[PDB]
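All remarks here apply to the structure that follows.
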Amino acid sequence: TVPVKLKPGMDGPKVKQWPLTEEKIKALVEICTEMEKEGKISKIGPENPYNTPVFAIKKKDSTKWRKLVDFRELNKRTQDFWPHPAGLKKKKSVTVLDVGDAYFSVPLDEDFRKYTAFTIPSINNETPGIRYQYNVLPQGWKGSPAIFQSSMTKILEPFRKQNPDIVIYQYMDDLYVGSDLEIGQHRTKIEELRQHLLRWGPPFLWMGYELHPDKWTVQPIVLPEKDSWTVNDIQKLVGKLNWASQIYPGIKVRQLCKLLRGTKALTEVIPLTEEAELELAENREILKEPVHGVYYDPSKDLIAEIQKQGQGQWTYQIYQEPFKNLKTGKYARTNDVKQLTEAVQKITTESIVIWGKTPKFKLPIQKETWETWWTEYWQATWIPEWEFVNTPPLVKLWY
Amino acid sequence: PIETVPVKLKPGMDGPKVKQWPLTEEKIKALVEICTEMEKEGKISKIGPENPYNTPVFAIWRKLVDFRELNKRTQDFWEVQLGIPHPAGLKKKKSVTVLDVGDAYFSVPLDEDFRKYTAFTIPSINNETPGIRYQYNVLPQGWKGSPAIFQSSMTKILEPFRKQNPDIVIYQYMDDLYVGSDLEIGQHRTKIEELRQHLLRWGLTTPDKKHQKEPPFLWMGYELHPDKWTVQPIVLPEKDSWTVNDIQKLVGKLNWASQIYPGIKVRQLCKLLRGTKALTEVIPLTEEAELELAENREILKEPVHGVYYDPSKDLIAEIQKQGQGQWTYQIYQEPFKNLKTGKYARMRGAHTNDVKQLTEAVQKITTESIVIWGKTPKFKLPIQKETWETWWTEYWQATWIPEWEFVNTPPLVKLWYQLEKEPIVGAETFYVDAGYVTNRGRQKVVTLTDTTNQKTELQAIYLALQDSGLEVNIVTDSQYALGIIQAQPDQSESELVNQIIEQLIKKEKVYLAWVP
Ligand SMILES: CCCc1c(OC2CCCCC2)c2cc(Cl)ccc2[nH]c1=O
Ligand SMILES: [Mg+2]
């Protein structure tokens, strides 16, 4: 076992466990009891003050439950370990696998184990709670991939050289396999990697279906193209523009603001003077593309804000610096939460594929709610960092 | 015996090296007799000069060792993290007997390597002679880990007998141990003695049936029966003179009841606390506070009881609006026969509306149920799908309500107004900023005293609303008020806003837009 330590001075996590539903508790008991028989985990005593939260998520196309341990806090307190392919995002098709099980073979430093402590809560506090800690490398922990890196490269060296037309990228418990082969040949080539993995020690995440990164779109800002223009129309037009101007300073409003001189009635239709007509058309051109000069700082946190546009439609933006969006997109349908989770997961997967990191989200929801339902629809094997917020009116309308 | 739990001092800390206060020779005398017994019983063992550690002791004749220091130097344990059950979560039992575990800490070995830190000293009576030193072999009463470690043990010790007797449930709590079954009186009283035996097996002495405790179980503000439950009988005072303090307590005492006594209202009482300058200040009761007191008094005069959980049946949660800001609910399984009830005053944010507030109540109940019954109940709400959905869809924040049924029980929640999704033709147009100017030439410039930048922004809008006709388009630069109103509140802590809200309810169509 490799000696792993927490960053210097840092102690272990003591995270509260969110109340789970009887159903999930059951799933977890079933699961954990077997992981014990197989000695992957071991009941711990009171001498262990640490604790990480566990959850039961659902497997897509499988009646089976998956245990999901929120090692977020742990990973943050875990020492760093001492390369992302820019080509991956370019492949036509990317398939994601769950090689999480690979870790269950490698033992965890007996001295670090205490920090993997987790607990199966009890209903109504009627029982103490089933406490356990990991003997092997735990899924979801930042160490595991690293420590398994080695045996991981060895396992892939054959397929990699046999199929160098294929890009294989691992992230935590996931393996990203991208290519450009025909879709049929893909799934076929994918399936082959599988048995080549079984040959050493893996389900299709995201439905066994493919991401198509190449087709990923950057939703630019858009302006209302319309027949006749009323005072209100323009007022909004000028507003939306006025805003966007902070990003693309080449935006001029002058001529439009001129049509809006004098307390006219909102509904009154205002014809556009050629001068303004062209000003708009220019503003239109400027927006056609993302503002130049926006580069990804590997050293900076990747942030992600989501907005609810109603009807099952959402808008998101990935940036590191304000107004300096690295990416933006939309998402269409379910209920508010289901969608919102699906989104985050979509936005994360991409974030990973592209930059190899997970973004920190800002969610348009009350925490108690998110805490309550999110697990009911979550399917990833990772959990991004998130915070909860209140979406400003204008900025929603502007997307 | 029991598997030992390994202990350590907090990183980079040494054992307590604290000096023993002088002790009345009469006190020296009683300690020796006491300590000698403990050594005769194995609990402690005299030690040598090897050990530099020491923890102060004193007599109360009983013994007490001050472990504060040792505690500050002792590692943190996964604690008893007390989170107690709520009666509504329990299931009915035929018999439930509790056993008081005889000195359990003294019955549990102590990690060898640690014992040395538990060292203390009994001063000798005469000057030239040294006093006897000791350390523990078992859980020291008053020591940091004793509880966690004691319970832990207990649990492992109860595992076997627990899986061997499925038809039995045991709830551990400090020294108490509760055993329940739907077993025959004797057949139950049987298993009990079966247990006591198994406990004795590891040396844990429990009370005799002649001396055990039987229901009702008055525990943590509750009164527990085999088939039912409630709150310890609460009695309202009958004073002429009410102090801020008496009031504050009463209100507290009233809230407590709310979880089972529906209809308890504290508004008028709580109102009494306004302005108060001291806990001893006498506040005379208002006429409506009297009525409230009197009303609750009567509500409390009826011994209502709670029912237990039938895992078999479903959970139904019903909610009502006990008045602006107040919501009442009751979770039942069997038709209008609760397990629990409760209120909700929780106003989240300065402004809000019934739809939102009710939705928030659903989330509390939801959260609360998962904690007590492990599942969410089907809800019966006084709002209709269309209404909800209409608010739902148009709100920037995401939200989701479990499975729910509309129950036509006034008052039904609704929206007293909605903003036009598009400017109104034929309606006058106002431009606000403190004043307004309209496309029709009208204008009013008013001077506000004590206002705040934002409160000025609303006044304008208010003004405009006032002066405008049944239909109005309003144009503002205030992004704030916009948000406020777009939110569509129907109650606010700000008087101003309520006025506006009233105006809004009255109009036929209002269109609000924002411009820089
Ligand atoms: C021991 C199992 C928990 C449990 C009870 O024990 C109680 C637990 C809380 C402390 C007091 C005793 C219980 C007590 C009564 Cl009086 C009636 C029904 C009950 N149903 C139950 O599931
Ligand atoms: Mg203006």
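Quick mapping for you: the protein sequence lines, in order, are chains B and A. Read left to right, the first sequence gives residues 7 to 88, 95 to 213, 225 to 356, 362 to 427 (the entry's author numbering). Read left to right, the second sequence gives residues 4 to 63, 71 to 443, 455 to 537 (the entry's author numbering). C-beta atoms are modelled at their ideal positions from N, C-alpha and C, and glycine is treated no differently.
Report yes if the CB atom of residue i is closer than 8 Å to the CB atom of residue j, and no otherwise.
i, j, result
"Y115 of chain A", "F160 of chain A", "yes"
"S379 of chain B", "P387 of chain B", "yes"
"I244 of chain A", "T351 of chain A", "no"
"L349 of chain A", "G384 of chain A", "no"
"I393 of chain A", "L429 of chain A", "no"
"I382 of chain A", "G190 of chain A", "no"
"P387 of chain A", "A327 of chain A", "yes"
"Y457 of chain A", "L484 of chain A", "yes"
"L279 of chain A", "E302 of chain A", "yes"
"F416 of chain A", "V493 of chain A", "no"
"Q242 of chain A", "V108 of chain A", "no"
"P225 of chain B", "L74 of chain B", "no"
"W266 of chain A", "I293 of chain A", "no"
"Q336 of chain B", "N348 of chain B", "no"
"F160 of chain B", "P59 of chain B", "no"
"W410 of chain A", "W401 of chain B", "yes"
"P150 of chain B", "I31 of chain B", "no"
"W406 of chain B", "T369 of chain B", "yes"
"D113 of chain A", "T216 of chain A", "no"
"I341 of chain A", "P25 of chain B", "no"
"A62 of chain A", "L92 of chain A", "no"
"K154 of chain A", "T84 of chain A", "yes"
"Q480 of chain A", "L517 of chain A", "yes"
Since residue i is in the beta strand (DSSP E), which residue starts that stretch and which ends it?
i, result
"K350 of chain B", "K347 to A355"
"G456 of chain A", "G456 to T459"
"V75 of chain A", "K73 to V75"
"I329 of chain A", "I326 to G333"
"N348 of chain A", "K347 to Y354"
"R143 of chain B", "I142 to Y146"
"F416 of chain B", "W414 to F416"
Hey, would you say the C-beta of residue i is under 7 Å away from at least one heavy atom of ligand 2?
i, result
"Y342 of chain A", "no"
"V254 of chain B", "no"
"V536 of chain A", "yes"
"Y354 of chain B", "no"
"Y501 of chain A", "no"
"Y318 of chain B", "no"
"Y441 of chain A", "yes"
Closer than 7 Å: is that where the CB of residue i sits relative to any heavy atom of ligand 1?
i, result
"residue 65 of chain A", "Residue 65 of chain A cannot be located in this model; chain A continues from 63 straight on to 71."
"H235 of chain A", "yes"
"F416 of chain A", "no"
"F227 of chain A", "yes"
"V179 of chain A", "yes"
"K102 of chain A", "yes"
"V261 of chain A", "no"
"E169 of chain A", "no"
"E138 of chain B", "yes"
"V148 of chain B", "no"
"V106 of chain A", "yes"
Identify every residue that forms a DSSP beta bridge with residue i.
i, result
"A129 of chain A", "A129 of chain A pairs with nothing; no bridge assigned."
"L533 of chain A", "A:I495"
"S105 of chain B", "B:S191"
"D186 of chain A", "A:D110 and A:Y183"
"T58 of chain B", "B:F130"
"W414 of chain A", "A:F389"
Return the first residue and the last residue of the alpha helix (DSSP H) that residue i is part of.
i, result
"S156 of chain A", "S156 to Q174"
"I309 of chain B", "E297 to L310"
"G384 of chain A", "Careful: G384 of chain A lies outside any alpha helix (DSSP H) and carries neither H nor E."
"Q340 of chain B", "No alpha helix (DSSP H) contains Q340 of chain B, which is instead part of the beta strand (DSSP E) from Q336 to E344."
"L205 of chain A", "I195 to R211"
"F227 of chain A", "Unbroken run through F227 of chain A is the beta strand (DSSP E), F227 to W229; no alpha helix (DSSP H)."
"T39 of chain A", "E28 to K43"
"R78 of chain B", "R78 to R83"
"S322 of chain A", "Element bounds for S322 of chain A: n/a, residue is neither H nor E."
"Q407 of chain B", "Element bounds for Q407 of chain B: n/a, residue is neither H nor E."
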